[PDB]
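J.: sequence first, structure after; it's an experimental one.
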Amino acid sequence: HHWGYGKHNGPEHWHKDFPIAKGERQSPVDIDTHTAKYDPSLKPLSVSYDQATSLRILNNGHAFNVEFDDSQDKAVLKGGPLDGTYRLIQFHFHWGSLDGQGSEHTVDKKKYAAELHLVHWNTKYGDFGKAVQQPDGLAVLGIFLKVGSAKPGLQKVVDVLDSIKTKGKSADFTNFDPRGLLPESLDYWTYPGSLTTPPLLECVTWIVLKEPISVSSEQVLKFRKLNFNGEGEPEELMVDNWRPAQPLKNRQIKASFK
Ligand SMILES: [Zn+2]
C-alpha cells in the first residue's frame, strides 16, 4: 500500500508515512502574483544546457523521468536566487486527466494542463543523494504547459512513451536536448520549498517561470496513455499525478521582474 495519487493513497494520506508533509516549507504553493516582491538584487538566471547528456527514460509508477549523466559539469543552473552551481539530474512532468488541471504550482489559483520540473542538485554536496540531505540541496526549475501549438522539441519524448507504458519500464534515451522545452523569457518567481512527491524533503529552491510553453492536445493525450500500474496488473491511467497547493506558512515569494 505504497503512496500514490488515488483516493486511499493520495496526497491527503502522505503525512502518515512522511510527516514532513505538514512541514513549514512544503510544495507546491499557489503563487499570489500580487504579493511577490520584485527583488532587483536577484541576478539573471543562468540556464546552461548546451552540453546536457541524457541517458534514459523511466516510468517509475508516478511519472516518467528523463535522467541525465550528471558525472561532469555539463548542464548547470546558477544565478537568480542561487548561491553556487546546481547540476541537472532529471526532469519529469505532472499532468491532468483534462486540460484544465495538471499543474502543481498555480498562479492566482490558475491551474495549467501540466508542469515540467527540471531537477538540479547543488554541486557543493557532491551528488544528488547527499544533496537531498541538505536544506539547499536542490534547485528545481518549474515550467507550466498549456495546450495550444505543439512544442516540437517535446516530440522525441512523446514518441518514446509507448515503450515505457507501465511502472518499472525504462528505455535508452540519448541526445535529448532540454533547451527545446524552455520558453523565451526566464522571468520567474522563487520561493523555498520541498519535493512534491514522497519523501517530500524540504531541500528545494523553487524557480517557477512565468511564461508557459505550449504543447499540442495530441502531445498531452499521449502522456495520459501511460499507466501507474506495472505490466500484468489492472490498468490505471497515469493522470492527475499532481500534488495540490500547500500552505505557504509565511514563506515569501520573490519575483525576478516588475
Ligand atoms: Zn515534480
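T.: Yep, that arrived. Numbers count the residues shown, from 1 in each chain.

J.: need the residues of the stretch 1-150 of the chain near the ion, please.
T.: residue 117 (CB under 5 Å from the ion). Heads up, the C-betas are built off the backbone N, CA and C, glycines and all.

J.: in the stretch 1-150 of the chain, what residue comes closest to the ion?
T.: residue 117 (3.5 Å; CB to the ion).

J.: dump the residue contacts of that residue.
T.: 91-94, 140-142, 196 (CB atoms under 8 Å, 6 or more residues apart in numbering).

J.: how about a cut-off of 6 Å?
T.: Listed by CB atoms under 6 Å, 6 or more residues apart in numbering, the contact partners of residue 117 are 92, 140, 142.

J.: give me the beta-bridge partners of the last one?
T.: The one in question is residue 142. Beta bridges link residue 142 to residue 117, residue 208, judged by DSSP bridges.

J.: quick thing: my sequence starts at 11, can you match it?
T.: With the count now opening at 11, the last piece we talked about shows up as residue 152.

J.: who's in contact with it?
T.: Counting by CB under 6 Å, 6+ apart, residue 152 has contacts 115, 125, 127, 218.

J.: okay, it and residue 87: tell me how far apart.
T.: To residue 87, residue 152 is 12 Å away according to CB to CB, to the nearest Å.

J.: then the first one?
T.: Using CB to CB, one obtains 16 Å as the distance from residue 102 to residue 87.

J.: pick out whichever of those two has more residues nearby.
T.: residue 87 (25 against 20; other CB atoms under 10 Å).

J.: in which helix or strand would I find that one?
T.: strand 86-89 (DSSP states H and E).

J.: for that strand, name the packing helices and strands.
T.: Taking 3 or more CB pairs under 6 Å, 6 or more residues apart in numbering; DSSP states H and E as contact, the helices and strands that strand 86-89 lies on are strand 55-58, strand 95-105.

J.: now do stretch 188-202: distance to the chain's middle.
T.: 12 Å (CA atoms, centre = their mean, to the nearest Å).

J.: residues near the closest residue to residue 133 other than its chain neighbours, how many?
T.: Distances taken as CB to CB, 6 or more residues apart in numbering place residue 95 nearest to residue 133, at 5.0 Å, with adjacent residues excluded. If you count neighbours by other CB under 10 Å, residue 95 ends up with 18.

J.: before we move on, what about residue 240?
T.: Residue 240 - counted by other CB under 10 Å - has 12 other residues nearby.

J.: you'd agree it is up against residue 175?
T.: No - Residue 240 sits out of contact with residue 175 when judged by CB atoms under 6 Å, with a separation of 10.1 Å.
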